[PDB]
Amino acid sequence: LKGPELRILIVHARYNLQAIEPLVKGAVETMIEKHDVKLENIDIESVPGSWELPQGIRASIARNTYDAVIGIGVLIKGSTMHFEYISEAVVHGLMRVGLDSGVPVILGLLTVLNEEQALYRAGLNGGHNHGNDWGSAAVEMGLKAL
């Protein structure tokens, strides 16, 4: 599946940047190299934390036109219930924004127990980079939308 005409938006948070960067890279590279997406057609915005993800995406969806958007963030369990509540709220938020707008929203949210799990799913320490999968999913949903 190739989408030379696809316009993709990527909004990522900045918490746990060590895990986030590889994820964004994987997503971008895969779209470009495996799906012929054009670098100029990929916008990359960022927000402070995962909580801002739904809101950041919604604001951008109103500004420009995209065929698909990927929300990327990394939530790690802490000592409080903060993680549980934010996670639940962000996941529902992302789903709402996609259903409300009609624009496919790909879930690049990692909700892990600790750092190691995040890094692993970002392709480090022998793991598989999940951003790659998200890249392909974005392309696919973008096309099926047209």
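Numbering starts at 1 and follows the sequence shown.
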Checklist line | Stretch with the greater mean C-alpha B-factor as recorded in the entry, comparing 26-34 against 83-91 | finding: 26-34
Notebook entry, point to check: Which has higher Cα B-factors on average according to the PDB entry: 60-68 or 74-82?
Noted result: 60-68
Check: Taking the values straight from the PDB record, which of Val112, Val97, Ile106, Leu39 has the highest C-alpha temperature factor?
Finding: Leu39
Item checked: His12 - which third its CA temperature factor falls in, relative to the rest of the chain -> lowest
